């Protein structure tokens, strides 16, 4: 998260860290045994870490659970990042509590102008790389599709939505990928891609979760 602020300890209890020996992506807990992330964060073996704040220090609220089923969206296109959504079934249900809680699926697609919360342990710089220890937060509005398409000519599909600032400075970045975009208590987006990080006229692009509610539920029920 570039230009964000450090989140209060455990204030985003649905945020999870995908670990493959190191933190590589983020995700959202949608129920005691399922996490939703980005298809581009796929790895054959993943350890999901819940109740995290400081990613490099044991604080007492952590719950490390291994992924049992890693399911990428069948129509994920790695070149366009279309359908960049993935589901992870944990090997066992987690203990839900204050620092480990679920986030709601969207009942509808949020209108442009809605203020959302983005969080993650991704890169904090607009140039170069700096991975933070503490969970970063960012308050950003959902942008109009016209502005999204104008920023990325011929690359924005209807399963993508831009969130952020056209003037730059604040944005999600590598490492935040798979992470949550929560507006009014509902998961509206998933960190997917973007040109650079926090650059003017290049807002972040996110997977439009409201288009996948059915697939999510169907898959959870079928697995």
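Numbering follows the first chain given and starts at 1.
- Per the PDB record, of the two stretches 42 to 50 and 170 to 178, 42 to 50 carries the greater mean B-factor over its C-alpha atoms.
- Between 201 to 209 and 7 to 15, the higher mean Cα B-factor belongs to 7 to 15.
- Of the candidates 185, 154, 27, 189, the one whose C-alpha carries the top B factor in the deposited record is 154.
- Among 31, 37, 63, 159, the highest C-alpha B-factor recorded in the PDB entry belongs to 31.
- In this PDB entry, residue 74 carries a Cα temperature factor that places it within the highest third of its chain's modelled residues.
- Per-chain ranking of the deposited C-alpha B factor places residue 128 in the lowest third.
- In the PDB entry, a CA B factor belonging to the lowest third of its chain's modelled residues is recorded for residue 120.
- Ranked within its chain, residue 113 lands in the lowest third, by CA B factor from the PDB record.
- Ranked against the other modelled residues of its chain, the C-alpha B-factor of residue 102 as given in the entry falls in the highest third.
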